[PDB]
**Student:** 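One structure, pasted below without further comment.
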Amino acid sequence: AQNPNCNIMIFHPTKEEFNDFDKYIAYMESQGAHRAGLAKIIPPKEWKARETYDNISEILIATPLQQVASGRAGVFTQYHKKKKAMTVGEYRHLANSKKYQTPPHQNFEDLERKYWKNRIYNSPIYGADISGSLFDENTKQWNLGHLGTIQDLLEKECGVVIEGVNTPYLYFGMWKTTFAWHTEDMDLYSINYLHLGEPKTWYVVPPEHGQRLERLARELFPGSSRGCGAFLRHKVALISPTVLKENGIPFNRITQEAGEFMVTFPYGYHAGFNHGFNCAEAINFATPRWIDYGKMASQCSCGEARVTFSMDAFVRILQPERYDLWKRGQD
Ligand SMILES: O=C(O)CNC(=O)C(=O)O
Ligand SMILES: [Mg+2]
Ligand code: NI
Ligand SMILES: [Zn+2]
């Protein structure tokens, strides 16, 4: 069995190996990369996402989100307070202001320590979930707006034709902006490219151990757990590495830098934070190996998780027994 300790693997494809996206994912899995839940892909030196980032300041962040925490430093939830619209140039200036800027630090480890000590005492503002792309249309390799769609994968594997679309999303971050513990919708893959700026630190639980994380989360968030049998789908709970280690939960960590891709694999729980002003692009995708995970994915039916249009068909076809309850949660 390849990668039996479930370590995060780092890949360096050549320019030739960068041509066929599906083939390279399958190669990484042949080497056991999925067992970690997360892999890093460093593009060949010949590749570029676009020519420059000099002209992005006029993108609008229609609904910036202020991430307000509650709890203790290692075990907290966050809620998202909506703020007035602002441009990427305005958001960059805000990220760099004395109130929000990254503190002085020695190295990534010192900054990680400072994050976990102090996150709860601040409320950073995240420009998340913005439909759009920063890949040049002429970039033919690993262009996250030109991937094979999940609807086409389902149709190729299962024969059923379904409605829905699959487009990328931009994330503009600042120091301490936080992504809570989650798997993807329908336990899909994700791919994330860090276009510019400061790093993103990731934490991940191997898919084979995801239920250990779920059981801890039920213990640590007991009111939330009573409210919903899949409350991690709400994407609000944080648990620190120190608390994970105290409770014996297997996990790994890695820091993504500008120019690097990360892939999350089906049912790989992940969480993390941004080091300073940055911009990432991400999208969900599927492969043949996903189908069995989609069929078994948990679902939130309490009303909180509310998701895209395109998840309807995935539930309807892969999980017909759950469909009626889940759709009530949507309505
Ligand atoms: O970058 C973020 O805020 C969150 N991203 C993801 O969870 C992802 O790419 O799967
Ligand atoms: Mg612009
Ligand atoms: Ni994710
Ligand atoms: Zn719920």
Side-chain angles (χ1 to χ4, degrees), residues 49 52-71 73-74 76-81 83-134 168-182 190 192-203 235-241 253-262 270-282:
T52 81
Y53 291 90
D54 292 338
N55 305 111
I56 67 168
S57 308
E58 315 304 305
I59 293 172
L60 193 66
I61 309 172
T63 315
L65 303 175
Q66 179 168 55
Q67 304 188 293
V68 180
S70 298
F76 62 92
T77 60
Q78 59 187 10
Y79 85 91
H80 291 168
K81 181 171 174 163
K83 308 293 285 187
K84 292 194 157 155
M86 79 182 74
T87 65
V88 164
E90 290 161 344
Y91 178 85
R92 181 175 64 223
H93 191 258
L94 185 70
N96 296 334
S97 68
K98 290 187 189 175
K99 178 170 182 69
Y100 292 109
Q101 70 187 201
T102 317
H105 60 282
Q106 294 295 342
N107 51 43
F108 291 172
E109 182 169 349
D110 187 29
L111 196 69
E112 180 183 42
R113 178 193 70 68
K114 289 171 183 299
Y115 174 85
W116 294 104
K117 186 178 162 54
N118 299 320
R119 159 70 185 94
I120 67 168
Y121 303 111
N122 297 85
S123 300
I125 291 170
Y126 205 174
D129 290 313
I130 295 161
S131 293
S133 185
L134 289 168
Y169 295 88
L170 302 179
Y171 299 79
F172 290 95
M174 68 168 63
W175 171 235
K176 284 169 175 173
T177 53
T178 303
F179 51 111
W181 281 106
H182 72 282
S190 66
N192 183 300
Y193 183 68
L194 189 54
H195 279 282
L196 63 97
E198 301 318 303
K200 186 188 295 288
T201 293
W202 301 69
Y203 304 90
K235 311 193 301 186
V236 304
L238 279 301
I239 304 165
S240 72
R253 76 193 80 192
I254 193 170
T255 298
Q256 177 191 19
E257 297 188 77
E260 303 181 336
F261 290 90
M262 306 298 297
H270 52 284
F273 65 88
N274 296 304
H275 290 210
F277 171 71
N278 67 17
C279 172
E281 180 171 341

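The chain is numbered in sequence order, starting from 1. Computation of the quantities below employed the complete heavy-atom set of this structure, encompassing side-chain atoms and omitting hydrogens, waters and symmetry-equivalent molecules.
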**Student:** Say you draw a straight line from CG of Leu60 to CE of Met86; how long is it, rounded to the nearest 0.5 Å?
**Tutor:**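 CE of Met86 is found 9.5 Å from CG of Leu60.
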**Student:** Could you tell me the separation between the CH2 atom of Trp175 and the CZ atom of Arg119, rounded to the nearest 0.5 Å?
**Tutor:**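 Between atom CH2 of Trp175 and atom CZ of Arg119 there are 10.0 Å.
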**Student:** Have a look at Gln78 and tell me which of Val68, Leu65, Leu238, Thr177 forms a side chain to side chain contact (heavy atoms under 4.5 Å, CB included) with it.
**Tutor:**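 Of the listed options, the one satisfying the test is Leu238.
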**Student:** Any donor and acceptor pair, going by atom type alone, linking the side chain of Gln256 with main-chain N or O of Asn192 inside 3.5 Å?
**Tutor:** yes
**Student:** Taking the inter-plane angle between the rings of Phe273 and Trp116 on a 0 to 90° scale, is it parallel (under 30°), tilted (30 to 60°) or perpendicular (over 60°)?
**Tutor:** perpendicular
**Student:** Grab the two heavy atoms, one from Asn118 and one from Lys176, that are nearest each other, plus how far apart they are.
**Tutor:** O-NZ, 3.3 Å
**Student:** Are there more than 12 heavy atoms of other residues, nucleotides or ligands under 6.0 Å from atom NE2 of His105?
**Tutor:** yes
**Student:** Among residues at least two apart in sequence or on other chains, which ones pass ring pair (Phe, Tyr, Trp, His ring centres under 6.0 Å) with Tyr169?
**Tutor:**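 Here no residue qualifies.
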**Student:** How close do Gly71 and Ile120 get, counting heavy atoms only, and between which atoms?
**Tutor:**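 The answer is O-CD1, 4.1 Å.
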**Student:** What residues, two or more places apart in sequence or in another chain, satisfy side-chain contact (heavy atoms from CB on, under 4.5 Å) together with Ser57?
**Tutor:** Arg92
**Student:** I'd like to check the ring pair (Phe, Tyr, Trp, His ring centres under 6.0 Å) partners of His270; sequence neighbours left out, ordered by chain and number.
**Tutor:** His182, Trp202
**Student:** Calculate, to the nearest 0.5 Å, the distance between atoms CD1 and NZ belonging to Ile125 and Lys81 respectively.
**Tutor:**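 Taking CD1 in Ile125 and NZ in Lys81, the distance rounds to 10.0 Å.
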**Student:** Does any N or O in the side chain of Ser123 come within less than 3.5 Å of the main-chain N or O of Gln66, such that one atom is a donor and the other an acceptor?
**Tutor:**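 No; judged by distance alone, with no hydrogens or angles, the pair does not exist.
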**Student:** Which residues pass the ring pair (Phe, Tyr, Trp, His ring centres under 6.0 Å) test with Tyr100, not counting sequence neighbours?
**Tutor:** none
**Student:** So, do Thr255 and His275 sit near enough that their side-chain heavy atoms are less than 4.5 Å apart?
**Tutor:**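 Answer yes - side chains close enough.
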**Student:** Measure the spacing between CD of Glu257 and CZ of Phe108 and express it to the nearest 0.5 Å.
**Tutor:**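 Going from the CD atom of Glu257 to the CZ atom of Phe108 covers 4.0 Å.
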**Student:** What's the shortest heavy-atom distance between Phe277 and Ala95, and which atoms?
**Tutor:** CB-CB, 3.9 Å
**Student:** Sequence neighbours left out, what pairs pass salt bridge (charged side-chain N to carboxylate O under 4.0 Å, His left out) with at least one residue falling in residues 95-111?
**Tutor:** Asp110-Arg113
**Student:** What I want to check is whether the side chains of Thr178 and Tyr115 have a donor and an acceptor closer together than 3.5 Å.
**Tutor:** yes
**Student:** Answer with yes or no whether the side chains of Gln67 and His80 bring together a donor and an acceptor at under 3.5 Å.
**Tutor:** yes
**Student:** My understanding is that only residues two or more places apart in sequence, or in another chain, count here; which of them pass side-chain contact (heavy atoms from CB on, under 4.5 Å) with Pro168?
**Tutor:** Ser133, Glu281, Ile283
**Student:** Would you confirm whether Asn274, through its side chain, and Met174, through its main-chain N or O, come within 3.5 Å as a donor-acceptor pair?
**Tutor:**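 No, because the side chain of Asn274 does not come within donor-acceptor range (under 3.5 Å) of the backbone of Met174.
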**Student:** Measure from the side-chain N and O atoms of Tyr91 to the backbone N and O of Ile61, and report whether any donor-acceptor pair falls under 3.5 Å.
**Tutor:** no
**Student:** Considering non-hydrogen atoms only, spot the tightest contact between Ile130 and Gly127 and give its length.
**Tutor:** CD1-O, 3.5 Å
**Student:** Calculate, to the nearest 0.5 Å, the distance between atoms CZ and CD1 belonging to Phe76 and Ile239 respectively.
**Tutor:**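 Spacing of CZ (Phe76) from CD1 (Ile239) equals 10.0 Å.
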**Student:** Compare all side-chain heavy atoms of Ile56 with those of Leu196 and state whether any distance is below 4.5 angstrom.
**Tutor:**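 In short, these two side chains touch, coming nearer than 4.5 Å.
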**Student:** Which atoms form the tightest heavy-atom contact between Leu134 and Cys279, and what is the distance?
**Tutor:**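 Closest approach of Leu134 to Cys279, heavy atoms only: CD1-SG, 3.6 Å.
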**Student:** Measuring from atom OH of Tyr193 to atom CD of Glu260, what distance do you get when rounded to the nearest 0.5 angstrom?
**Tutor:** 9.0 Å
**Student:** Grab the two heavy atoms, one from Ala85 and one from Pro64, that are nearest each other, plus how far apart they are.
**Tutor:** CA-CD, 4.0 Å
